[PDB]
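Colleague: Give me the fold of what follows.
(9 chains, ligands or ions: 37)
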Amino acid sequence: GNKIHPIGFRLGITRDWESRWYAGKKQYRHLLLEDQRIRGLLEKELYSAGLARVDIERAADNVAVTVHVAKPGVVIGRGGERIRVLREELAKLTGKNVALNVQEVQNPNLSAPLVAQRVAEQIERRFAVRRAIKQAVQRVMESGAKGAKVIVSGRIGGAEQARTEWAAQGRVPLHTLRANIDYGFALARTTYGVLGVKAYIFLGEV
Amino acid sequence: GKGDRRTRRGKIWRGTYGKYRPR
Amino acid sequence: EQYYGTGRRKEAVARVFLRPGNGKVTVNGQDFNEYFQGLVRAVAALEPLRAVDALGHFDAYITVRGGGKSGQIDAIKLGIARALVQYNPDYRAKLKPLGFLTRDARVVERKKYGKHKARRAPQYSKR
Amino acid sequence: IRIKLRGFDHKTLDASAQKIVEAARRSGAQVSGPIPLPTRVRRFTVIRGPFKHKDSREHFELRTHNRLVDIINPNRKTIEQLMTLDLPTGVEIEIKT
Amino acid sequence: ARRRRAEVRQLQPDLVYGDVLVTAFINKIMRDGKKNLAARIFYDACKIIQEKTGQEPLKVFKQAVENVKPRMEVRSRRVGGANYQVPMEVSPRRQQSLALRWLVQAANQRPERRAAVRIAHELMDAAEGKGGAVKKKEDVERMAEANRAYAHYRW
Amino acid sequence: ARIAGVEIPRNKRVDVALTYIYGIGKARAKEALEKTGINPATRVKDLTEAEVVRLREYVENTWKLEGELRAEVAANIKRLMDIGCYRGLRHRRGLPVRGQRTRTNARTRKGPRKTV
Amino acid sequence: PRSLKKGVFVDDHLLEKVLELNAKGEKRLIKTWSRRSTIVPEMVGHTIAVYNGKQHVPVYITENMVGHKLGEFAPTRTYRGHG
Amino acid sequence: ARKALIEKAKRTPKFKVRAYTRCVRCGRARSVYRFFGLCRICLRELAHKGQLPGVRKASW
RNA sequence: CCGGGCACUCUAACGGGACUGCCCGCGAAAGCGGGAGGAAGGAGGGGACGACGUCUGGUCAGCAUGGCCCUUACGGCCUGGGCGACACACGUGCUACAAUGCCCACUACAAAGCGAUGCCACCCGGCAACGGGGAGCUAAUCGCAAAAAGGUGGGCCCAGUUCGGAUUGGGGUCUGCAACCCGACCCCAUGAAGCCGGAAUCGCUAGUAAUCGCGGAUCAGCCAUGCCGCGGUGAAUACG
Ligand SMILES: [Mg+2]
Ligand SMILES: [Mg+2]
Ligand SMILES: [Mg+2]
Ligand SMILES: [Mg+2]
Ligand SMILES: [Mg+2]
Ligand SMILES: [Mg+2]
Ligand SMILES: [Mg+2]
Ligand SMILES: [Mg+2]
Ligand SMILES: [Mg+2]
Ligand SMILES: [Mg+2]
Ligand SMILES: [Mg+2]
Ligand SMILES: [Mg+2]
Ligand SMILES: [Mg+2]
Ligand SMILES: [Mg+2]
Ligand SMILES: [Mg+2]
Ligand SMILES: [Mg+2]
Ligand SMILES: [Mg+2]
Ligand SMILES: [Mg+2]
Ligand SMILES: [Mg+2]
Ligand SMILES: [Mg+2]
Ligand SMILES: [Mg+2]
Ligand SMILES: [Mg+2]
Ligand SMILES: [Mg+2]
Ligand SMILES: [Mg+2]
Ligand SMILES: [Mg+2]
Ligand SMILES: [Mg+2]
Ligand SMILES: [Mg+2]
Ligand SMILES: [Mg+2]
Ligand SMILES: [Mg+2]
Ligand SMILES: [Mg+2]
Ligand SMILES: [Mg+2]
Ligand SMILES: [Mg+2]
Ligand SMILES: [Mg+2]
Ligand SMILES: [Mg+2]
Ligand SMILES: [Mg+2]
Ligand SMILES: [Mg+2]
Ligand SMILES: [Zn+2]
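Modeller: Numbers count the residues shown, from 1 in each chain, chains lettered A, B, ... in the order given. Ligands and ions are numbered 1, 2, ... in the order given. Below is the structure:
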């Protein structure tokens, strides 16, 4: 196991942070802690919706949470219902000006963690893992994508001997920084143990 | 003599002060 | 009236002013030989003027910051060489074969994790 | 009139240091230009793996850049339009006299 | 190394004699990267080899050097099952290096207490044909002579 | 056995010569030279009998030396060893007293290694 | 050791037990868990059982052992030699 | 000896010396950075995610 | 220091600049040798970056997790102790064995960072560790802070020493509820082994090795001689 996390290798180059704000020495820890509880709260609740990214902005005692998701309705609710229903629970823990927006997901198959979560969910349903991956890479490339690679690790199919199976198509230059690549990971819990799913989607080289 | 505390050089090494290296 | 060049070496930087006179030299509010006493390498800071035989034709009010005594010396050697091509652009010859026109980019290499220095690896013994 | 700019991002710091200096130089009168103060860096060294493997580290840093701008000939023609200035999130501002 | 023949470094001439050869001798005296201390001791020696003998140090030094240069040395090469001491000529680059190293090492054998003195005294006896450095040269020279029978093993 | 029970090294500077006495370091040597007004840089082979008898008389009366100092150090340890305190145990097994590691090293308190 | 600017350290809860015995008529065995406590001129004559992590050591206290701690007189390590 | 410890860490001690930082994320008693409240393990995890404002890989 | 000025130096963003581009030569081409110009020339130096896989490598003790196991306990809390033991054995290190040195005094030149029960200028009590005051600074302002090797001078005179600083006695300072086990620091006394290391064995090819100081993380304090960084001075040699 040698490869680097492709997200942190691109911060300030082809990929932008998910918590964008300044803070002095004495507050960074407390503000980040809330950023964890908030993500903790939402990623817990908003899996149903199809959570892609939880952006967070800050000024003074207030925070705008720009939440990307493929099914905006599951977030919105009945007429504007759920969007505020959380905002009260959110600002209950937050205790401050929670500006909870909802952002469109243009193509959910060009969202890496979405593709991952999907596949990870499928293998919790005893689905053909060899097939499942081959399909996801097949669906991603049909969505006009320039490249795709998907990896599944663990007791595939329930076998006592662990196995790491992977599939790829097009180009995926992980050594390039100008190459914009989305990466997402999802954990697939089963009765026989943890399976890990990684997703690599190559959007384009700037 | 970077180990002898009773010297200039010795207190430099320890990063300390005293009679032998005052401030 | 005044002739100037910037001289740098590692962490040292030198602003130097050549103004005609008897041959006086000053570094950082101090006489040259006074700020560089007991250092043999100091005679090399006055080197480029000897490549054009202008030993006493110019005086020099010089300041210097950063680096070390001999680092600062090489910065001085570069700026007084720099200043000559501004005073006399035809002095490019007989100063570049001596390479005085150039600044050596060699600086302290970075300390790496896993080594005690930039390259000094920790000693090991298998069996 | 002492506007001090603190931020993790200089692409937003210099961009906002544009918008600030643009406004008061427009709405009268003098603004002493944007000076790039030295950046304060907090580096962290960490062992790559969770167990042993001491001789393998990764390097992280946090670069709080600093900018400074002045308004030389102030006059409250600016004192309300600056009060209406679209500031990004990755930046903190200070005012003084 | 393996790839190509590496380049020889030319030393920045000394400020007292403008001599590239003198600079080399200086550097071999230099412990711990303390050149200035090495500069004194050698120049101090130039002072001493003037007093105790009224003539040019550069002339004393350079002539002393020539008397320490070995023309033949033996380089080991275990051909077959025995270690053969093959006689080899010495390139001037190495003749210089070996003379200087020995010259300083021979100095540090002497019983006189100050470094300035030893360097002088060895350089004094070296031009006059004596001193440990010349002893080592003659040794290494006879060894290559002794093994003249392995002339055909040379590389 | 001039002062104070030890015959201090001649041809050496009077300040260092005093350090060869049990109970006197460089410190108490710098002291007795002012307190008796004698030149620290002169040799003992150059001391006036006046300078001698004064330095002697002062030092034997101001500080505890040779056998007596050794006596109290012994007496101090003898009691620590006898009361049954930890400081006494370490003096009775000859092990390091000042809380050093004993897994390795400690060679000065024990003596040369006894391999196994 | 402990700075002279501060006070001579006894855990007080033990110092209390000592004085009460001097008044009411000394003396019996004292179970303590204060090795960090200083022996003190009032403690002289008693016998205090000092815990070393495993057992309480019956320690008679005398005049010569005043300035020390209770823990010095209750060994912590078992050692009969090697081999 | 874990959950009773991750909760013992939160409550105030009987003496001030007994205060010790645990990782506010995973509970790691060792290698805790005050500035983040995180251990070097979590620190590297989030920094790679980009969930740490301004924090980026250093190079010189 | 004030006026003044942004020149310079720097600061920190944005650009330029190197492409064997150009001359000679050998070339089928790619390239190679040498020249010029140029700060830099043939990847300019360093970093970041680690293919399919290997090692049934390491990590259930950071976390997650299948499963197997415990239930007035294999859970939990507290006081004390242990993790610091010591006939020994190995790895990695620190400081040395001295005169290219050691000590005292006076005198220079760095970089990177850190700093609101935080760094603490200056002032006074103590030989000192420190202690009382007390100015400034959310720090290109104020402070840690002296850089050290270097430099001018004086001493030591080849001796287990003015080398070396272990071990022990004693008096103290600081943190912290508390320094017996078991902290560091200071002062007086003590002044060990050690005279350059058997078989064997490690690193480094240029601003490198060697040598000198400095900062940070963790952290009440500290057993850091560790680690991660930073500049000063600054080599030898590569036939093959
Ligand atoms: Mg000494
Ligand atoms: Mg001079
Ligand atoms: Mg360095
Ligand atoms: Mg190893
Ligand atoms: Mg290591
Ligand atoms: Mg020889
Ligand atoms: Mg003595
Ligand atoms: Mg200890
Ligand atoms: Mg111990
Ligand atoms: Mg337990
Ligand atoms: Mg748990
Ligand atoms: Mg603690
Ligand atoms: Mg901690
Ligand atoms: Mg300008
Ligand atoms: Mg080439
Ligand atoms: Mg690459
Ligand atoms: Mg295994
Ligand atoms: Mg676990
Ligand atoms: Mg398990
Ligand atoms: Mg314990
Ligand atoms: Mg341990
Ligand atoms: Mg070590
Ligand atoms: Mg060493
Ligand atoms: Mg002795
Ligand atoms: Mg001996
Ligand atoms: Mg001695
Ligand atoms: Mg004591
Ligand atoms: Mg303790
Ligand atoms: Mg000797
Ligand atoms: Mg040596
Ligand atoms: Mg050895
Ligand atoms: Mg190499
Ligand atoms: Mg040294
Ligand atoms: Mg240090
Ligand atoms: Mg610190
Ligand atoms: Mg601390
Ligand atoms: Zn953690």
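Colleague: can you tell me which helix in chain A is longest?
Modeller: Secondary structure assigned by DSSP state H gives helix A:28-45 as the longest helix of chain A.
Colleague: Neighbours of residue 61, how many?
Modeller: Defaulting to chain A. Residues lying near residue A:61 (other CB atoms under 10 Å in any protein chain shown) number 8. Any C-beta I mention is one placed from the backbone N, CA and C, and that applies to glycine too.
Colleague: my question was about chain G
Modeller: Neighbours around residue G:61, by other CB under 10 Å: 23.
Colleague: And the one 4 residues further on, by the same measure?
Modeller: Residue G:65 is surrounded by 22 other residues when neighbours are defined as other CB under 10 Å.
Colleague: helices and strands around the longest helix of chain A, which ones?
Modeller: Other helices and strands packing on helix A:28-45, by 3 or more CB pairs under 8 Å, 6 or more residues apart in numbering or on different chains; DSSP states H and E, are strand A:51-58, strand A:62-69, helix A:81-94.
Colleague: can you give me the helices for chain B?
Modeller: Using DSSP H, the helices of chain B run over residues B:8-14.
Colleague: which bits of chain H sit near chain C?
Modeller: Within chain H, the positions near chain C by CB under 8 Å from any CB of the partner chain are residue H:60.
Colleague: Same check on chain D?
Modeller: With CB under 8 Å from any CB as the criterion, chain D meets chain C at residues D:45, D:55, D:56, D:57, D:59.
Colleague: nearest residue to the first one other than its sequence neighbours?
Modeller: Spelled out, that is residue D:45. residue D:57 (5.4 Å; CB to CB, 6 or more residues apart in numbering or on different chains).
Colleague: Spit out the contact partners of that neighbour.
Modeller: C:113, C:114, D:45, D:46, D:47, D:48 (CB atoms under 8 Å, 6 or more residues apart in numbering or on different chains).
Colleague: Drop anything exposed from these.
Modeller: Buried by 16 or more other CB atoms under 10 Å in any protein chain shown: D:46, D:47, out of these.
Colleague: Go through the contacts of residue D:57 and say which is closest to chain E.
Modeller: residue C:114 (23.7 Å; CB to the nearest CB).
Colleague: Please settle this for me: is the closest one part of a helix?
Modeller: No - assigned with DSSP: H, G, I helix; E, B strand; the rest coil, residue C:114 falls outside any helix and is coil.
Colleague: SS state for the nearest residue to it once chain neighbours are set aside?
Modeller: Closest residue in space to residue C:114, ignoring its immediate chain neighbours: residue D:55 at 4.0 Å, by CB to CB, 6+ apart. At residue D:55 the chain is in coil, as set by three-state DSSP.
Colleague: ok, how many other residues are close to residue D:55?
Modeller: Burial of residue D:55 is recorded as 12 neighbouring residues (other CB under 10 Å).
Colleague: can you put the contacts of residue D:57 in a markdown table and add distance to residue A:62?
Modeller: A markdown table is the format used below for the contacts of residue D:57 (distance: CB to CB, whole Å):
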| residue | distance to residue A:62 |
| --- | --- |
| C:113 | 41 |
| C:114 | 45 |
| D:45 | 34 |
| D:46 | 32 |
| D:47 | 37 |
| D:48 | 37 |
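Colleague: Closest to ligand 13 out of the contacts of residue D:57?
Modeller: Closest to ligand 13 out of the contacts of residue D:57 is residue D:46 (14.6 Å), distances taken as CB to the ion.
Colleague: Identify the bridge partners of that closest one.
Modeller: When bridges are called by DSSP bridges, residue D:46 pairs up with residue D:58.
Colleague: For residue F:6, which non-adjacent residue is closest in space?
Modeller: Nearest to residue F:6 is residue F:21, by CB to CB, 6+ apart, at 4.9 Å.
Colleague: Sorry, slip of the keys, the one I care about is residue A:32.
Modeller: residue H:36 (6.6 Å).
Colleague: Surely that neighbour touches residue A:31?
Modeller: No - shown here, residue H:36 and residue A:31 do not form a contact pair, counting by CB atoms under 8 Å, at 10.8 Å.
Colleague: what's the neighbour count on residue C:11?
Modeller: By the criterion of other CB under 10 Å, residue C:11 has 14 neighbours.
Colleague: OK, contacts around the residue lying closest to it once chain neighbours are set aside?
Modeller: Excluding the flanking residues, the one nearest residue C:11 by CB to CB, 6+ apart is residue C:67, at 4.0 Å. By CB under 8 Å, 6+ apart, the contact list for residue C:67 reads C:9, C:10, C:11, C:12, C:13, C:75.
Colleague: The third one contacts residue C:66, correct?
Modeller: Put plainly, it is residue C:11. Yes - Residue C:11 is in contact with residue C:66 according to CB under 8 Å; the separation is 4.4 Å.
Colleague: Check which helix or strand the residue of chain E found nearest chain D maps to.
Modeller: Ranked by CB to the nearest CB, the top residue of chain E for proximity to chain D is residue E:1, at 26.2 Å. Under the criterion of DSSP states H and E, residue E:1 resides outside all helices and strands.
Colleague: Geometrically speaking, which residue is the centre of chain G?
Modeller: Centroid check for chain G by CA atoms, centre = their mean gives residue G:70 as the closest residue, at 3.3 Å.
Colleague: Go ahead and confirm that one touches residue G:50.
Modeller: Yes - the pair residue G:70 / residue G:50 is scored as a contact, 4.9 Å apart, by CB under 8 Å.
Colleague: Can you work out which residues contact both of the two?
Modeller: In contact with both residue G:70 and residue G:50: G:32, G:34, G:35, G:59, using CB under 8 Å, 6+ apart.
Colleague: burial measure for the residue nearest to residue A:32, as a count.
Modeller: By other CB under 10 Å, neighbour count at residue H:36 equals 23.
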